[PDB]
Amino acid sequence: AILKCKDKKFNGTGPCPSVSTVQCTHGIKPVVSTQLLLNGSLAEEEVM
Amino acid sequence: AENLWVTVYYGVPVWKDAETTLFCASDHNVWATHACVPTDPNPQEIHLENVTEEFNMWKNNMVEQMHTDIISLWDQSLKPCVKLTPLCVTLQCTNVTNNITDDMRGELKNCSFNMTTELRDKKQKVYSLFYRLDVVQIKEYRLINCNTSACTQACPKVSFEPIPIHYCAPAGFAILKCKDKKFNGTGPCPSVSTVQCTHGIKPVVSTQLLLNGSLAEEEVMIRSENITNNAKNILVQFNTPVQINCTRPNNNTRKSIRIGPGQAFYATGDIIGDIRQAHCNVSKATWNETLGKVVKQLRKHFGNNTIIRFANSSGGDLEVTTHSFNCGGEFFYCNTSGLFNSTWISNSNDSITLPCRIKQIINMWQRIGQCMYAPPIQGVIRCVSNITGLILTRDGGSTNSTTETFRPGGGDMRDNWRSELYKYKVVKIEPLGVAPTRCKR
Amino acid sequence: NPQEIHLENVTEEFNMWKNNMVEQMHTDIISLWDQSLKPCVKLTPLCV
Amino acid sequence: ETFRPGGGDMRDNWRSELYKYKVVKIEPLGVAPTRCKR
Amino acid sequence: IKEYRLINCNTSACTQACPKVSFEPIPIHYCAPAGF
Amino acid sequence: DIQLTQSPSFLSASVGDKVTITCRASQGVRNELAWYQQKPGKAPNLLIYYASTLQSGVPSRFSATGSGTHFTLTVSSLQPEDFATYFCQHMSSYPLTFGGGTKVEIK
Amino acid sequence: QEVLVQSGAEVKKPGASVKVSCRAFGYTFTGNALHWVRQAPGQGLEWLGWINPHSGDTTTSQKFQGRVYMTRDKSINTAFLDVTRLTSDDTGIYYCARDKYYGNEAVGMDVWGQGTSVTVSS
Amino acid sequence: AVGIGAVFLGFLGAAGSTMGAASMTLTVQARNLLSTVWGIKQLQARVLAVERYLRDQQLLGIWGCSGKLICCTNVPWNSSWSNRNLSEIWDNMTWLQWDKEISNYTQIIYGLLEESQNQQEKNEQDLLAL
Amino acid sequence: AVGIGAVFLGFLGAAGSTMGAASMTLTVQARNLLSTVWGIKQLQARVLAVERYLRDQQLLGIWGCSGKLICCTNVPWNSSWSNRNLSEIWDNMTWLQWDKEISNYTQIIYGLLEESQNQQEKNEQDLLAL
Ligand SMILES: *[C@@H]1O[C@H](CO)[C@@H](O[C@@H]2O[C@H](CO)[C@@H](O[C@@H]3O[C@H](CO)[C@@H](O)[C@H](O[C@H]4O[C@H](CO)[C@@H](O)[C@H](O)[C@@H]4O[C@H]4O[C@H](CO)[C@@H](O)[C@H](O)[C@@H]4O)[C@@H]3O)[C@H](O)[C@H]2NC(C)=O)[C@H](O)[C@H]1NC(C)=O
Ligand SMILES: *[C@@H]1O[C@H](CO)[C@@H](O[C@@H]2O[C@H](CO)[C@@H](O[C@@H]3O[C@H](CO)[C@@H](O)[C@H](O)[C@@H]3O)[C@H](O)[C@H]2NC(C)=O)[C@H](O)[C@H]1NC(C)=O
Ligand SMILES: *[C@@H]1O[C@H](CO)[C@@H](O[C@@H]2O[C@H](CO)[C@@H](O[C@@H]3O[C@H](CO)[C@@H](O)[C@H](O)[C@@H]3O)[C@H](O)[C@H]2NC(C)=O)[C@H](O)[C@H]1NC(C)=O
Ligand SMILES: *[C@@H]1O[C@H](CO)[C@@H](O[C@@H]2O[C@H](CO)[C@@H](O)[C@H](O)[C@H]2NC(C)=O)[C@H](O)[C@H]1NC(C)=O
Ligand SMILES: *[C@@H]1O[C@H](CO)[C@@H](O[C@@H]2O[C@H](CO)[C@@H](O)[C@H](O)[C@H]2NC(C)=O)[C@H](O)[C@H]1NC(C)=O
Ligand SMILES: *[C@@H]1O[C@H](CO)[C@@H](O[C@@H]2O[C@H](CO)[C@@H](O)[C@H](O)[C@H]2NC(C)=O)[C@H](O)[C@H]1NC(C)=O
Ligand SMILES: *[C@@H]1O[C@H](CO)[C@@H](O[C@@H]2O[C@H](CO)[C@@H](O)[C@H](O)[C@H]2NC(C)=O)[C@H](O)[C@H]1NC(C)=O
Ligand SMILES: *[C@@H]1O[C@H](CO)[C@@H](O[C@@H]2O[C@H](CO)[C@@H](O)[C@H](O)[C@H]2NC(C)=O)[C@H](O)[C@H]1NC(C)=O
Ligand SMILES: *[C@@H]1O[C@H](CO)[C@@H](O[C@@H]2O[C@H](CO)[C@@H](O)[C@H](O)[C@H]2NC(C)=O)[C@H](O)[C@H]1NC(C)=O
Ligand SMILES: *[C@@H]1O[C@H](CO)[C@@H](O[C@@H]2O[C@H](CO)[C@@H](O)[C@H](O)[C@H]2NC(C)=O)[C@H](O)[C@H]1NC(C)=O
Ligand SMILES: *[C@@H]1O[C@H](CO)[C@@H](O[C@@H]2O[C@H](CO)[C@@H](O)[C@H](O)[C@H]2NC(C)=O)[C@H](O)[C@H]1NC(C)=O
Ligand SMILES: *[C@@H]1O[C@H](CO)[C@@H](O[C@@H]2O[C@H](CO)[C@@H](O)[C@H](O)[C@H]2NC(C)=O)[C@H](O)[C@H]1NC(C)=O
Ligand SMILES: *[C@@H]1O[C@H](CO)[C@@H](O)[C@H](O)[C@H]1NC(C)=O
Ligand SMILES: *[C@@H]1O[C@H](CO)[C@@H](O)[C@H](O)[C@H]1NC(C)=O
Ligand SMILES: *[C@@H]1O[C@H](CO)[C@@H](O)[C@H](O)[C@H]1NC(C)=O
Ligand SMILES: *[C@@H]1O[C@H](CO)[C@@H](O)[C@H](O)[C@H]1NC(C)=O
Ligand SMILES: *[C@@H]1O[C@H](CO)[C@@H](O)[C@H](O)[C@H]1NC(C)=O
Ligand SMILES: *[C@@H]1O[C@H](CO)[C@@H](O)[C@H](O)[C@H]1NC(C)=O
Ligand SMILES: *[C@@H]1O[C@H](CO)[C@@H](O)[C@H](O)[C@H]1NC(C)=O
């Protein structure tokens, strides 16, 4: 199973209390870039 | 009042139409039998009484699978063989005029060229006899495939002779065979059987004439996905084969040229004796009676009083415009003009001779950028085959004229495989079922 | 800690000259030798 | 009796180490007579 | 052929062994699958 | 053994007529009778099984009736191919036995 | 498509043994009981017996018990009939017939072999 | 009439035989459900056959019908699925006809069987606690 | 209060529910345990899933719990494994916490179950002999 952390403001490490099981993940585009992440996902609340 | 409850039955004899990957079974060859399971000495056929199934030869995935497997085997038989990249050099060619017939003038080119040796810093001036179809003028010539892709020489020890192959389904899948004679490949088959797999099917590569195939049990069979559509090929299956005798009578000489470390190119040295055209022979009376049978069967579909005319191929590539095949290593392309040339109105020992041209640069399947070079075969070659069917195409067919024109066709080998797998289909068993019964747990 | 179970009272037929293990070992060693040479320089130009 | 060195075939070299080993497949299923009846 | 050629030239091209790969024998254990 | 008696032993009738053949069993045969047709130099063919069911592929003119000890095979309209020997055979108990035989000939 | 093919005609002396083969095509050999019947020249049919091709069980007419034997081979789909101690009364045409065998009981002899002629005479 | 025992019709010989008669050969069908580029497609086919067999076995087990070819269940037959009585099912139809008729009432029955088996397991656990 | 029947929480929706409540969705988890270079890795994954499922099924079978989601056993619960009474296990804890606590007392129970099942088989064989 693929467990997804739905907790906004989450910094990628530690306990996530809001969790889901997804059949699998969303569409991730393999964008090859340096010094700037392009065409990626955006934070829901604020800069992370 | 009924008091019925669900009951689960496992092992129910129920199947659904399905597509799966079958595997090869058989009793140096291009059609690799070393990766095929041995065929059972006593194959088992279960004749399904009361079972009426639905069959459709024109949507059978077995044909697509057979095409893919044959192409894969052809590709894999050529991987461990010499790639003739150095052969793409300027060729100084003269005409071969020593003991040639009037029909062989300009057909053979004596071409001298420089070639690499086993040592990288040395060159050798060699010569070879090429065919007019295999070279193109730039007195300077080049191989026809040079401006498209490099050609891979077929390994001499690998044999091109078709070998029968059986296509057997995995566990939980069944191959259903239609035993109904007079069956035209589509519709309900009432006489059905289950087989571990089919009879041995030989992958014969041919155009305009199905060779060494199965014969109809009752009469000549006409099959088409849509007979009223002239764009759909018509598959004719004979009930009596027509013997065809194809020969190249040139006493060819093969010579090995060391083009690199462990790399040898097989050139045609010199034809020993007279040079004359390769050809084929077909019995005149047998062909006439077979065409009469075909006309009789076609009248059932195109009216009882229509005029049935057999004419030449419209045009296109040499593969499709001529009866193209392989006979003992060499690739023949025969002008089938003496066969499909007649008109039929509703109401001896001589034979038809079809001239043939030999080719060494072969694009076996309808692909671009993948070509094979056939090494020359030593000595005269003669072979005998059964014409068991035809691939025809109807010309136009408007209401203006009451005459129907049929011309030879082919090119796509899927039709050749369909002529043998027409009576076969694949299904997946659904053993689970639910029914009502008075019984309760 | 490889485990060996000493079979009491068991008498078994052995034949070193028909062992398929030898054939498998030969084939596997040849395969490994071939695989160790695929990503290496082919000295075709050396034939001068 | 004359004995001379030999070799060439590496299968003999492997046989010298696998001489005391063999491979078998377990047949767990068995059927026996016994008084009990289902 | 003072003129010479490598012995393998008239048979096939030779593949140079990669220098970092070692020819030292390493012990190996041949083990059977489940049910064997 | 159970005795099966068939009548008439010999019969002559023309095309288009109706022929009735009676097979009588010494013992009781509920429905386990079969009617067979045999021609000169050829094996017999199954006309009727179960004493009332027509074999597949047989012309509809053939019909059978009766249960127990009395059975009748009726051909409503004779044809040139229907003139041959007719047998009745029971299979209710061992040994199976065939009828004496009724030969139908064109007049 | 159901056909039964038997061996060729046989001529034997009295007191010998004769084998009659019967192979089947067009149907599952183990799916129907196989009857063996005889017909004398100019006489009616006489039922020798029948056999189960699957389990090998046989039932013979009581008058023939201990004289005629029946076997079957499934690998090649045949029934063998052994008739021993022949006499001049045993001459005639022997037939092997497939039974409809609905409900696992005799119903009718729908498929018949072309037959084999056995002739016994001094 | 007289008989000489049962007969063997083959792997799918009973496909044309009635449902009652076809239920007499369940084991015959059950037995045959299990048995460098072409070494992959062959392995894929074998794996797929294994997965289908294990899916069927898992369904049977979670319905409480483990190791059974004919299995009664506690789920009642909703009349909406089929209004035909036994007289015109087991003696006048084939399993193929039943399958084509009932293929659109399949998954709901499977879920009901799964829930019923879970309820039965819980009830048995409660009963054995006493 | 009033109710309108049961509800469906999903594949692992009962992970946060208590052990007693989580025992009512066993089939939901049970169903989803079975379902040129890249045709090998997927084949390896499918084969590995098959092996894990068959390992679980083999363990259940050799414990005598074949085809059962809840299975009582004759092995007594040694108090050393856990001292908590049922009031604080089934109604006040999750299966994840129970696994966290008991994962160091697993293989011994499995072996005890295997030997107990073998003894039960021998005893049943002896009983049926009479
Ligand atoms: C339809 O079916 C018919 C009948 O099956 C086919 O006709 C047969 O075709 C085969 C193959 O073409 C042919 O067999 C050859 O006969 C030759 C004459 O007897 C043989 O010389 C030849 O042997 C050579 O080729 C083999 C590989 O094919 C080698 O294994 C063998 O060692 C021989 O090779 C040596 O000789 C050649 C030539 O000198 C040389 O180049 C090699 O290096 C090597 O030194 C085959 O055995 C049958 O004789 C044909 N039978 C008849 C009755 O005609 C027909 O082709 C099929 N139709 C189609 C379209 O496929
Ligand atoms: C294929 O279908 C045919 C019928 O469509 C099957 O034959 C039928 O078989 C049943 C029983 O096997 C017969 O029923 C019997 O009827 C008689 C008289 O009514 C009765 O006395 C018996 O007790 C029994 O009920 C039925 O008559 C028969 N139908 C015909 C036309 O002969 C056949 O068995 C099917 N094939 C297979 C392989 O199942
Ligand atoms: C997630 O956890 C919460 C609590 O940790 C779960 O809610 C709890 O649900 C139980 C029953 O489902 C409630 O029990 C009730 O207790 C009261 C006590 O007075 C009693 O009167 C009721 O009859 C009932 O027994 C419990 O109160 C409740 N907790 C809270 C804080 O409301 C919730 O169900 C869990 N989620 C899932 C999906 O399981
Ligand atoms: C750049 O970001 C903007 C804003 O997030 C994207 O516009 C959004 O596109 C999504 C489609 O997935 C819509 O659902 C939103 O409504 C859009 N929002 C706005 C404000 O336009 C835009 O598509 C992004 N572009 C790229 C190339 O990534
Ligand atoms: C093809 O051309 C070559 C070269 O011109 C011919 O080989 C020559 O044959 C003559 C005799 O006819 C010899 O005197 C020469 O020494 C040969 N030269 C070489 C380089 O071999 C060959 O005969 C020609 N073949 C045909 C069929 O025309
Ligand atoms: C093989 O190569 C030689 C030279 O490498 C060719 O001979 C040359 O031909 C050109 C004309 O194309 C002349 O200008 C040179 O003077 C020639 N040199 C020598 C040393 O003869 C020869 O023609 C080539 N053979 C073929 C068949 O192309
Ligand atoms: C060409 O057709 C004839 C006739 O069908 C083939 O001869 C038959 O060969 C089979 C072998 O499978 C025999 O069982 C038949 O008895 C033969 N019949 C006759 C009339 O000879 C012949 O083998 C075919 N040749 C090719 C190359 O396919
Ligand atoms: C067989 O082919 C004919 C010819 O295309 C089909 O009939 C045509 O169907 C198209 C469909 O739009 C019409 O526009 C044409 O006017 C039709 N022509 C005639 C002569 O009928 C026919 O439907 C095809 N048969 C099947 C079974 O697909
Ligand atoms: C095709 O038919 C022609 C006849 O039209 C054959 O030519 C004859 O071949 C024989 C060989 O034994 C010679 O004896 C005759 O003199 C030839 N006559 C003519 C007019 O050419 C030819 O051999 C046949 N080829 C095949 C493969 O059957
Ligand atoms: C094709 O070749 C076969 C075999 O060579 C020919 O059949 C022979 O015909 C002659 C003349 O009638 C007979 O004497 C031989 O006995 C036949 N042999 C066999 C094996 O059949 C056949 O006539 C040729 N057909 C054509 C059109 O050339
Ligand atoms: C089918 O027959 C026609 C008629 O003979 C061929 O047309 C001939 O084509 C050649 C070219 O090779 C011309 O020289 C002739 O003048 C054409 N004939 C007429 C009457 O115009 C046609 O080529 C043949 N098709 C095939 C595939 O051989
Ligand atoms: C196939 O054979 C026919 C018959 O020989 C060829 O038609 C002949 O073509 C030549 C041209 O070279 C004309 O001179 C003849 O008058 C034509 N004869 C007939 C009867 O049409 C035809 O060209 C050949 N096909 C090919 C592609 O060459
Ligand atoms: C942010 O990351 C640190 C890494 O140690 C972690 O301790 C902290 O919990 C994270 N923030 C939140 C809100 O969890
Ligand atoms: C070779 O012969 C053909 C036909 O006979 C002719 O067209 C061509 O010009 C000739 N080429 C020569 C003599 O170089
Ligand atoms: C190669 O040359 C031939 C004739 O010169 C021409 O017909 C063909 O289009 C060329 N192919 C390419 C890829 O240039
Ligand atoms: C012949 O093919 C047509 C294609 O539509 C089909 O309808 C017909 O049933 C076939 N013939 C027979 C005898 O089934
Ligand atoms: C072909 O030539 C070779 C060598 O001269 C000879 O041995 C052989 O008999 C010839 N074959 C024919 C069919 O003339
Ligand atoms: C075609 O048949 C006609 C008969 O009308 C004949 O004149 C012509 O030469 C034939 N052509 C071929 C290529 O057989
Ligand atoms: C290569 O040359 C050596 C010696 O010159 C010789 O013994 C050997 O047979 C040759 N091999 C080939 C394939 O020509």
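Counting neighbours? That spans all protein chains shown, and the Cβs are built from the backbone with ideal geometry, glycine included. No value in this document is a laboratory result; all are computed from the given coordinates.
Could you list, in sequence order, all residues of the stretch B:61-103 that are assigned to a loop (DSSP other than H, G, I, E, B) and either within 30 Å of H:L9 (Cα to Cα) or polar (S, T, N, Q) (or both)? Let's see the steps before the verdict.
Keep residues of the stretch B:61-103 that are assigned to a loop (DSSP other than H, G, I, E, B), which gives B:79-82, B:84-90, B:96-99, B:101-103.
Those that are assigned to a loop (DSSP other than H, G, I, E, B) and either within 30 Å of H:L9 (Cα to Cα) or polar (S, T, N, Q) (or both): B:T85, B:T90, B:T97, B:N98, B:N99, B:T101.
Quick one: would you say B:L108 is in contact with a strand residue (DSSP E or B) (Cβ under 8 Å, 6 or more places away or on another chain), of a type in the set (A, V, I, L, M, F, W, C) and within 16 Å of ligand 15 (Cβ to nearest atom)? Give the derivation first.
Numbers: in contact with a strand residue (DSSP E or B) (Cβ under 8 Å, 6 or more places away or on another chain): yes; of a type in the set (A, V, I, L, M, F, W, C): yes; within 16 Å of ligand 15 (Cβ to nearest atom): no.
Here the answer is no, as B:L108 does not meet what is asked.
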*Just give me the residues in the stretch G:93-109 being farther than 20 Å from F:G41 by Cβ and not aliphatic (A, V, I, L, M), in sequence order.*
G:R98, G:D99, G:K100, G:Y101, G:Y102, G:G103, G:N104, G:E105, G:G108
*Take the stretch B:263-274 and flag every residue that is surrounded by 14 or more Cβ atoms within 10 Å (Cβ to Cβ) and either of a type in the set (G, A, S) or within 16 Å of ligand 3 (Cβ to nearest atom) (or both).*
B:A264, B:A267, B:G269
*Looking at B:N50, B:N60, which one is within 30 Å of B:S191 (Cα to Cα) and over 24 Å from the mean Cα position of the chain (by Cα)?*
B:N50
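Go through H:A21, H:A45, H:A49 for me and flag whichever is of a type outside the set (S, T, N, Q), farther than 18 Å from B:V434 by Cβ and under 16 Å from the mean Cα position of the chain (by Cα). Write out each step before concluding.
Details: H:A45 fails: under 16 Å from the mean Cα position of the chain (by Cα); H:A49 fails: under 16 Å from the mean Cα position of the chain (by Cα).
One residue alone meets the criteria, H:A21.
Please enumerate the residues belonging to the stretch H:34-59 that are assigned to a helix (DSSP H, G or I) and within 8 Å of chain I (Cβ to nearest Cβ).
Of all residues in the stretch H:34-59, those assigned to a helix (DSSP H, G or I) come to H:38-59.
Of everything in the stretch H:34-59, those that are assigned to a helix (DSSP H, G or I) and within 8 Å of chain I (Cβ to nearest Cβ) turn out to be H:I40, H:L43, H:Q44, H:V47, H:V50, H:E51, H:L54, H:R55, H:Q58.
Confirm whether B:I358 is under 26 Å from B:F160 (Cβ atoms), within 16 Å of ligand 5 (Cβ to nearest atom) and among the β-branched types (V, I, T).
Working: under 26 Å from B:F160 (Cβ atoms): yes; within 16 Å of ligand 5 (Cβ to nearest atom): yes; among the β-branched types (V, I, T): yes.
It is true that B:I358 is under 26 Å from B:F160 (Cβ atoms), within 16 Å of ligand 5 (Cβ to nearest atom) and among the β-branched types (V, I, T).
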_Breaking point among (1) buried (at least 16 other Cβ atoms within 10 Å of the Cβ); (2) more than 16 Å from ligand 14 (Cβ to nearest atom), for B:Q277_ = (2)
*Looking at (1) touching a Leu at 6+ places or on another chain (Cβ under 9 Å); (2) under 30 Å from G:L34 (Cβ atoms); (3) in a loop (DSSP other than H, G, I, E, B), can you tell me which one F:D17 breaks?*
(2)
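Restricted to the stretch B:1-60, and to residues that are assigned to a loop (DSSP other than H, G, I, E, B) and acidic (D, E), which residue is nearest to the other protein chains (Cβ to nearest Cβ)?
Here the residue is B:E49.
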*Among (1) away from chain G (no Cβ under 14 Å); (2) surrounded by 15 or more Cβ atoms within 10 Å (Cβ to Cβ), which single condition is F:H90 missing?*
(1)
*Looking only at the stretch I:63-70, decide whether some residue is of a type in the set (S, T, Y) and more than 12 Å from every other protein chain (Cβ to nearest Cβ).*
no
*Taking strands (runs of 3 or more DSSP E) that do not extend beyond the stretch G:27-122, which have at least 1 residues that are within 10 Å of chain F (Cβ to nearest Cβ)?*
G:34-39, G:45-51, G:58-60, G:92-99, G:109-112
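Across the stretch B:237-255, which residue is farthest from the other protein chains (Cβ to nearest Cβ) among those that are away from ligand 7 (no atom under 16 Å from the Cβ) and part of a strand (DSSP E or B)? Steps first, answer last, please.
Taking the stretch B:237-255 first, the residues away from ligand 7 (no atom under 16 Å from the Cβ) are B:248-255.
Checking the rest, the ones that are also part of a strand (DSSP E or B) come to B:248, B:251, B:254-255.
Details: B:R248: 33, B:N251: 30, B:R254: 20, B:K255: 17 Å.
So, considering only residues that are away from ligand 7 (no atom under 16 Å from the Cβ) and part of a strand (DSSP E or B), the one farthest from the other protein chains (Cβ to nearest Cβ) is B:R248.
Residues checked against (1) more than 16 Å from ligand 17 (Cβ to nearest atom); (2) within 14 Å of B:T393 (Cα to Cα); (3) not charged (D, E, K, R):
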residue	(1), (2), (3)
B:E217	yes, no, no
B:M221	yes, no, yes
B:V236	yes, yes, yes
B:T247	no, no, yes
*Consider I:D99 against the criteria (1) surrounded by 15 or more Cβ atoms within 10 Å (Cβ to Cβ); (2) under 16 Å from the mean Cα position of the chain (by Cα); (3) not hydroxyl-bearing (S, T, Y): it satisfies all of them except one. Which criterion is unmet?*
(1)
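Within the stretch B:376-400, take every residue that is outside any strand (DSSP E or B) and more than 8 Å from ligand 1 (Cβ to nearest atom) and give me the one that is nearest to the other protein chains (Cβ to nearest Cβ). Full working, then the answer.
The first filter runs over the stretch B:376-400 and keeps only residues outside any strand (DSSP E or B), leaving B:376-380, B:396-400.
Now restrict to residues that are more than 8 Å from ligand 1 (Cβ to nearest atom): B:376, B:380, B:396-400.
Details: B:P376: 23, B:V380: 33, B:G396: 41, B:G397: 37, B:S398: 43, B:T399: 42, B:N400: 46 Å.
Residue satisfying both the conditions and the ranking: B:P376.
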*asked:* Can you pull out every residue in the stretch H:9-41 that is closer than 26 Å to G:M70 by Cβ and surrounded by fewer than 18 Cβ atoms within 10 Å (Cβ to Cβ)?
replied: H:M24
